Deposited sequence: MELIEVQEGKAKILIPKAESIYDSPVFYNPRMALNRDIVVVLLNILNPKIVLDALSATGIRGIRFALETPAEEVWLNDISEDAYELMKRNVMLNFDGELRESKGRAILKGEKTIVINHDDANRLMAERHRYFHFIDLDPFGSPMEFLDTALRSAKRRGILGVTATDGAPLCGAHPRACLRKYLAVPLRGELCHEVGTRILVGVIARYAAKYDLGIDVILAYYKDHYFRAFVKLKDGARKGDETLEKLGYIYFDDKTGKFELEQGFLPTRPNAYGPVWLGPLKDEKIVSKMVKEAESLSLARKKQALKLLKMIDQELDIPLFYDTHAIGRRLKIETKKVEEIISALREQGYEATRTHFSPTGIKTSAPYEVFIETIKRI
């Protein structure tokens, strides 16, 4: 074991294929959720697959959370979780049958079990649940949707982007029950597929969702949603689902709002609603600035990008469209300036370095990008 620091937390990680997983590259992901929790202030929270326990520990040390649950099915992880918790908190970690509880300023509950089992035991109990598995979160989604309060918050990560970006079509259908789209738009389509599957699974509980923040980064998808209580709210949520049509020869996309598509070659279903709560994300940029984060600079760069990013379905990739149409194109910075000069909204997007979010119709965009 070796000592490592992330944010205000000091933890021990196995030195090495490792007995307990820890990825420092995910410190940024952790920072983001920490920043968000400092805005929404959920009291009772769950770190469902904590591994070393770093997430829940940071929740306890850096957010207003009052009761923090850390869980993992692995005995090795559980043992390390207890050790790392006592490395950051004083008091008596009372253990009994695979569960250790510390009742200090903040109450910490370390659990050893299947996340589905723990969440089933804690029905309508958490104000916030963070699902951060190895790959897909689908094995845990339905139960989390029952474990969180009817107005709770859900944080979901999908690490395997192969099915979501269209590389593995078969798997995407099986796991997300949606038809993926490969290419320059896959980072967003995959993100919208994730939000859409959450909305779809939630509906049967007479719950709807409002997206707080959903983004893509370094080959992983993240989505934070606020559960809405009510059948009608569930109805209205499903009405925000839709499909995407994409022309491989031009890069032009079409949107179709509706539970089912009505034309061939449709992609989805996907969430066609907003991918961010403008006000909350605005506050997040400010909060990240007044907080001691693990990767403050990277956190702010991503948050600022998303904050200024136009929230509209999809975008146009200058490089990709140039290739599909077989034409020379202008630089992104120039194209944005030109679009704005013509009276159209246009911004860069975190989904792709060469992508441009704009209100401009496809044909106006093409005429603008042409060398």
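**Student:** Quick one: where does the model skip the deposited sequence?
**Tutor:** Unmodelled stretches, in sequence order: 1 to 2, 19 to 22, 378.
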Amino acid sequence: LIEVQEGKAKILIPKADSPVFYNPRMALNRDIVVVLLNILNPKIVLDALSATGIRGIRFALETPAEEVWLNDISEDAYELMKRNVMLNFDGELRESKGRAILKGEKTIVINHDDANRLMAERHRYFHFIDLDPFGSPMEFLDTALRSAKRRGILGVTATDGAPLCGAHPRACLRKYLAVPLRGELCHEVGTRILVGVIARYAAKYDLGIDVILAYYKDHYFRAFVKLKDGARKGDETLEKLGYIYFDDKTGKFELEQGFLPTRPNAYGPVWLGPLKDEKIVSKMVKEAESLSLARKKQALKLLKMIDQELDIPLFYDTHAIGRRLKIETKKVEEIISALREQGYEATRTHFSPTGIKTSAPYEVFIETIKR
From here on, numbers count along this sequence of modelled residues.
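**Student:** How about residue 16: is it missing in a third or more of the other compared entries?
**Tutor:** Yes.
**Student:** Is it true that residue 331 has no coordinates in a third or more of the other entries in the comparison?
**Tutor:** Residue 331: modelled in all of the comparison entries.
**Student:** Mean CA B-factor: is it higher for 84 to 92 or for 194 to 202?
**Tutor:** Averaging CA B-factors over each stretch, the winner is 84 to 92.
**Student:** Output the stretch having the higher mean C-alpha B factor in the entry; the candidates are 218 to 226 and 285 to 293.
**Tutor:** So the stretch with the higher mean C-alpha B-factor is 285 to 293.
**Student:** Highest recorded C-alpha temperature factor, please, choosing from 262, 298, 116, 71.
**Tutor:** Highest C-alpha B-factor among the listed residues goes to 298.
**Student:** What's the residue among 168, 240, 233, 127 with the greatest CA temperature factor in the PDB record?
**Tutor:** Comparing C-alpha B-factors across 168, 240, 233, 127, the top value belongs to 168.
**Student:** Quick one: classify residue 134 as lowest, middle or highest third of the chain based on its Cα B-factor.
**Tutor:** Highest third of the chain for residue 134's C-alpha B-factor.
**Student:** Just say lowest, middle or highest third for the CA B-factor of residue 147 relative to the other modelled residues in its chain.
**Tutor:** Its C-alpha B-factor, which the entry lists for residue 147, ranks in the lowest third among residues of this chain.
**Student:** If you rank every modelled residue in this chain by C-alpha B factor, which third holds residue 322: lowest, middle or highest?
**Tutor:** Tercile = highest for this residue's CA B-factor.
**Student:** With respect to C-alpha B-factor, does residue 182 fall in the lowest, middle or highest third of the chain as deposited?
**Tutor:** According to the entry, residue 182 has a C-alpha B-factor in the chain's middle third.
**Student:** Per the entry's values, where does residue 102 land by CA temperature factor relative to the rest of its chain, in the lowest, middle or highest third?
**Tutor:** Middle third by C-alpha B-factor.
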